[PDB]
Amino acid sequence: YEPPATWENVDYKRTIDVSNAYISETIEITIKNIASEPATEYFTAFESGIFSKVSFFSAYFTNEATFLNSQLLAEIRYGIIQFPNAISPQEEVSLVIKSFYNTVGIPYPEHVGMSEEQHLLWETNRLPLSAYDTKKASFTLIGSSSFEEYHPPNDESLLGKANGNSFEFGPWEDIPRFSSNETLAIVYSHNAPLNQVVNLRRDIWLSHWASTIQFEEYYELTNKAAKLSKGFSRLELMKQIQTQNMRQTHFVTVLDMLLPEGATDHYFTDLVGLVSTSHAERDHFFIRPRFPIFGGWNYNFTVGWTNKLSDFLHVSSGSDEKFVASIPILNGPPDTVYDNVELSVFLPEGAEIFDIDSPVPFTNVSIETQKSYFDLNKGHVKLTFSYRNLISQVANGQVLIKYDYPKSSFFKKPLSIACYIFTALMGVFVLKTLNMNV
Amino acid sequence: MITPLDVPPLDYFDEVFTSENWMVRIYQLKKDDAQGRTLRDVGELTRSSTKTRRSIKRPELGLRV
Amino acid sequence: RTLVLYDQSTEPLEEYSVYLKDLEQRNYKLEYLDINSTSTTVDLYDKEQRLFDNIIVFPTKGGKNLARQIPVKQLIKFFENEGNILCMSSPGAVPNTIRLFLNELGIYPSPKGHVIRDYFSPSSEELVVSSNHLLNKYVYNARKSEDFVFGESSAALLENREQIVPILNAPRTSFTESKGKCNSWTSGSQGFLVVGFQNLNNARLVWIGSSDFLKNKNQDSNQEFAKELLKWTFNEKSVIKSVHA
Amino acid sequence: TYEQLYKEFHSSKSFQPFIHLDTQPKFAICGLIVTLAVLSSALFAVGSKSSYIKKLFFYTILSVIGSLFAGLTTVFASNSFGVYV
Ligand SMILES: CCCCC/C=C\C/C=C\CCCCCCCC(=O)O[C@H](COC(=O)CCCCCCCCCCCCCCC)COP(=O)([O-])OCC[N+](C)(C)C
Ligand SMILES: *[C@@H]1O[C@H](CO)[C@@H](O[C@@H]2O[C@H](CO)[C@@H](O)[C@H](O)[C@H]2NC(C)=O)[C@H](O)[C@H]1NC(C)=O
Ligand SMILES: *[C@@H]1O[C@H](CO)[C@@H](O[C@@H]2O[C@H](CO)[C@@H](O)[C@H](O)[C@H]2NC(C)=O)[C@H](O)[C@H]1NC(C)=O
Ligand SMILES: *[C@@H]1O[C@H](CO)[C@@H](O)[C@H](O)[C@H]1NC(C)=O
């Protein structure tokens with residue numbers, strides 16, 4: 001399937017940024033309608049693998065400040081951008097498209113030393129892949145210090161030139177549609193750790209009796225940087241430390257968690273006990289694992305803290321029993337990528353959920369119950385969201401939940417404990433009012 | 001007192017982890033040679049470069065079976 | 001895929017054209033290099049990635065060039081990374097790096113100046129050996145009797161390793177004659193003219209102690225033996241696979 | 001729907017606790033004393049050698065009071081130890 005060619009591209013400028021552990025792409029597109037029928041839709045081309053690895057996708061006008069309706073569609077795959085007001089059959093449009101993928105270049109030399117610099121190999125299509133023909137194009141690469149090509153082609157036009165921290169490619173002036181044949185393989189220098197959270201289980205517990213919100217996060221972290229040739233030698237690591245080589249190294253020594261303002265009662269444990277190397281500073285929680293995380297190593301751990309409920313939960317204006325909570329979806333290290341997120345919110349026993357919404361599309365949502373420390377009844381209402389490809393500081397939205405919690409349900413918990421105790425007391429009385437003498 | 005000439009090298013094991021205060025040390029048994037040479041002779045081969053490697057003479061090996 | 005190393009001063013590449021063309025016939029791609037008139041060194045590896053599946057070394061008098069091209073360490077690294085090897089070293093054309101690399105494999109060829117002599121031979125001009133001395137049917141066993149021309153050749157001593165595969169040994173009445181006073185290197189069945197070696201990673205090497213075996217002259221007597229010998233050494237003839245244990 | 005809920009959340013008053021956490025420890029220490037007193041009295045009534053029709057009445061009323069107190073103090077003490085309900 002191909003979308004009809006209702007548009008033509010005046011100019012195409014693709015800039016790829018490789019500074020972080022994820023690939024960011026901005027396209028400057030100028031389009032004009034070529035048919036007489038007015039069309040409000042534009043289609044974006046993505047390869048199957050890139051489509052699967054897309055995390056974030058948005059677009060807007062080069063002039064306006066608000067975003068249009070840009071939705072992915074579910075073997076080139078397509079995203080659709082919808083226009084608010086239809087266009088003339090022959091008129092100009094200036095779009096700016098932004099995307100963030102969950103992929104990154106693999107280390108070209110897979111095994112390097114403890115102090116050697118790292119290089120990554122990233123493979124992307126070189127000419128613009130689109131379903132609408134383009135009469136002008138350009139490509140740029142930013143974010144790194146050095147760029148080289150792996151097996152370059154003979155044709156001079158299919159080659160690029162260097163600027164300062166930049167790599168511009170050929171300014172071609174006629175490209176047909178679906179011309180994704182030549183594949184470019186670039187090698188760049190990235191000397192930082194590549195953090196990958198394979199699974200996050202984030203649990204938020206809300207309590208009206210204590211007026212607190214408690215956050216418990218379970219991370220399963222890996223490092224996708226170059227593996228260590230010759231194995232780990234604590235002597236070499238100590239000789240690097242005492243040499244005061246604070247250079248940007250590609251192994252994790254300390255993580256910095258950014259928490260909501262006013263957090264208290266921090267803790268940092270793992271599957272084997274409590275880790276003592278953690279230190280809290282305003283809004284920041286610095287954490288040192290038991291061992292440094294070199295390329296290819298795993299580390300599963302748990303962090304937690306507490307906050308005041310009055311910052312996330314507000315009361316409806318129509319009644320004093322309808323509450324609206326706005327809960328952040330991610331609170332983690334600065335530069336990290338997530339592959340599976342399960343976000344659970346626990347509302348008190350007698351709460352009935354009335355409305356739910358997420359700022360970004362989720363893969364699943366569910367509601368159940370779970371018993372806790374004093375839940376003699378059914379237990380806390382557990383609302384679970386499932387998300388797939390999330391990036392640390394581009395998924396900064398907040399989930400909105402509107403629920404109901406009457407005063408009856410508020411007071412019913414001490415009542416349940418009292419009924420349990422009263423039943424035990426009646427049982428004691430019964431046991432002390434009948435004789436078993438012979 | 002320990003001197004760097006006291007500890008001979010390991011040719012059959014490889015250090016994979018040493019704790020921060022050196023209390024626990026974990027080694028891994030290396031896999032055997034594809035050619036069938038002893039790990040001791042691979043180690044000697046690595047630790048030795050001599051111009052006059054050896055004389056022409058002949059091996060004292062036994063009968064091929 | 002295949003890299004052929006030929007020293008022009010010892011024996012020209014043209015002489016061994018017969019079997020090389022047959023490699024093109026079986027879809028092999030090839031690259032040539034002469035060490036007599038080369039300046040830059042061959043690059044076997046490109047960032048932990050070898051660029052040749054096979055390597056063929058033709059008769060050569062060892063010197064600075066061979067050592068520069070393929071040191072013993074690089075040869076062992078290539079062989080350990082599933083690379084196949086074919087070696088040739090005749091009396092008067094035996095290098096030192098090849099001899100050392102074979103000594104690391106448990107194969108000890110005779111040095112320069114030692115030659116095989118057999119008086120009870122049907123040939124007074126050259127060295128000839130019948131198919132009676134074939135030692136492994138999984139490499140080559142002739143359906144009918146034959147004889148192979150070897151000429152001035154050498155022999156090797158072998159160890160008791162699982163990985164060594166003796167292919168063709170010297171005749172029973174043969175012996176090693178040295179120009180000097182050296183004790184005879186070999187004697188009888190304990191000398192071998194064609195030997196093989198299989199890595200534990202299933203790489204393969206074959207060593208032939210004669211420069212005459214693959215020459216275009218002996219095309220009539222050694223064509224098949226050589227053809228399926230080249231088939232064996234390149235993991236093309238007798239490879240096995242196990243499925244669904 | 002996201003828009004409307006966002007506007008609501010951003011145009012409402014915050015959450016006001018029923019009883020502040022800082023106060024709950026005192027309330028727990030006081031309710032524990034009251035619970036101990038009442039329950040220990042009803043055990044005296046169980047030991048009493050008086051009629052059955054009146055021992056039942058006194059025990060039931062005293063337990064219906066002590067249990068309310070004990071539940072309230074259980075909530076307060078749990079909240080004060082760091083285990084929020
Ligand atoms: C029969 C009467 C006996 C009288 C004596 C009673 C207690 C002994 C005195 C002091 C002990 C309190 C110190 C322990 C609390 C801190 C340790 C901790 O905090 O550990 C807790 C384990 O929770 C516990 O089990 C503590 C139980 C709380 C007991 C409070 C005592 C008042 C109620 C007494 C029982 C009344 C009977 C009612 C039956 C209907 C860590 O929980 P977590 O890691 O899952 O974090 C949870 C965080 N999320 C939820 C986000 C994952
Ligand atoms: C720590 O977390 C990692 C990451 O999820 C776990 O690694 C997975 O383990 C399962 C079972 O062994 C494998 O099937 C997966 O392939 C592993 N994934 C990766 C990316 O390695 C690991 O099991 C966890 N360890 C503990 C003790 O919980
Ligand atoms: C969304 O809800 C759950 C995610 O927890 C999944 O469906 C259930 O998955 C559990 C996990 O084993 C099963 O025991 C249940 O039988 C599944 N079905 C139900 C109805 O609970 C799944 O990811 C999603 N379910 C959908 C889309 O129906
Ligand atoms: C290299 O060139 C020829 C090539 O066959 C060879 O015979 C000769 O001995 C070598 N040296 C010189 C100087 O030609």
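All ligand and atom numbering here is 1-based and tracks the order in the structure. Reminder, nothing fancy here: chain letters follow the sequence lines and each chain counts from 1.
Note that atom 21 (O) of ligand 3 has no protein non-hydrogen atoms nearby, at separations under 4.0 angstrom. Within a 4.0 Å radius of atom 10 (C) of ligand 2, the protein contributes no non-hydrogen atoms. Atom 3 (C) of ligand 1 lies below 4.0 Å from none of the non-hydrogen atoms of the protein. For atom 15 (C) of ligand 2, no protein non-hydrogen atom is found at a distance below 4.0 Å. For atom 1 (C) of ligand 2, a protein heavy-atom neighbour is found at a distance under 4.0 Å. Atom 52 (C) of ligand 1 is approached by the protein to below 4.0 angstrom, counting heavy atoms only.
Counting protein heavy atoms only, atom 36 (C) of ligand 1 is closest to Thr74(D) OG1, 4.1 Å. Here the protein heavy atom with the shortest distance to atom 5 (O) of ligand 2 is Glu220(A) OE1, 2.3 Å. In terms of protein heavy-atom proximity, atom 24 (C) of ligand 3 is closest to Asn364(A) ND2, 2.5 Å. Of the protein's heavy atoms, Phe81(D) CZ, 4.9 Å lies nearest to atom 9 (C) of ligand 1. In this structure, the protein non-hydrogen atom closest to atom 40 (C) of ligand 1 is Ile417(A) CG2, 3.9 Å. Protein heavy atom at the shortest distance from atom 43 (P) of ligand 1 is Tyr373(A) OH, 3.3 Å. Of the protein's heavy atoms, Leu271(A) CD1, 3.6 Å lies nearest to atom 27 (C) of ligand 2. Ranking the protein heavy atoms by distance from atom 38 (C) of ligand 1 puts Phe374(A) CE2, 4.0 Å first. Closest to atom 28 (C) of ligand 1, if we only count protein heavy atoms, is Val83(D) CG2, 4.1 Å. From the protein, the heavy atom lying nearest to atom 32 (C) of ligand 1 is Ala77(D) CB, 4.2 Å.
Residue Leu73(A) comes nearest to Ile80(A) through the heavy atom pair CB-CD1, 3.4 Å, listed as atom of the first residue, atom of the second, then distance.
Salt bridge annotation for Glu321(A)-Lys407(A): absent, with no cationic side-chain nitrogen under 4.0 angstrom from a carboxylate oxygen. Looking at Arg388(A) and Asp339(A), no side-chain N of the basic residue comes within less than 4.0 Å of a carboxylate O on the acidic one, giving no salt bridge. Salt bridge annotation for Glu342(A)-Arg201(A): absent, with no cationic side-chain nitrogen under 4.0 angstrom from a carboxylate oxygen.
Near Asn300(A), with a cut-off below 4.0 Å to any heavy atom, the atoms of ligand 2 are 1 (C), 2 (O), 3 (C), 22 (C), 24 (C), 25 (N), 26 (C), 28 (O). Against a heavy-atom cut-off of under 4.0 Å, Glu216(A) is close to the following atoms of ligand 1: 52 (C). Residue contact check: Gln214(A) has heavy atoms under 4.0 Å from atoms 51 (C) of ligand 1.
Two residues are said to be in side-chain contact when any heavy atoms from C-beta on lie closer than 4.5 Å; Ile401(A) and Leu383(A) meet this criterion. When side chains are defined from C-beta on, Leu194(A) counts as touching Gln118(A), because their heavy atoms get closer than 4.5 Å. With contacts defined as side-chain heavy-atom distances shorter than 4.5 Å, the pair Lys308(A)/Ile213(A) does not qualify. A 4.5 Å side-chain heavy-atom check between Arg234(A) and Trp22(B) finds at least one atom pair inside the cut-off.
Atoms CD and CG, from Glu352(A) and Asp404(A) in turn, are 5.0 Å apart once rounded to the nearest 0.5 Å.
One option in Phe346(A), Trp205(A), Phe76(D) has a heavy atom closer to atom 50 (C) of ligand 1 than any other, and that option is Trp205(A).
Here the options are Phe251(A), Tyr218(A), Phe291(A), the test is ring pair (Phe, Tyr, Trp, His ring centres under 6.0 Å), and the partner is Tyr299(A); only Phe291(A) passes.
Side-chain N/O atoms of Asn191(A) and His250(A) include no donor and acceptor closer than 3.5 Å.
Between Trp305(A) and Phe215(A), the ring-plane angle classifies as parallel under the 30° and 60° cut-offs.
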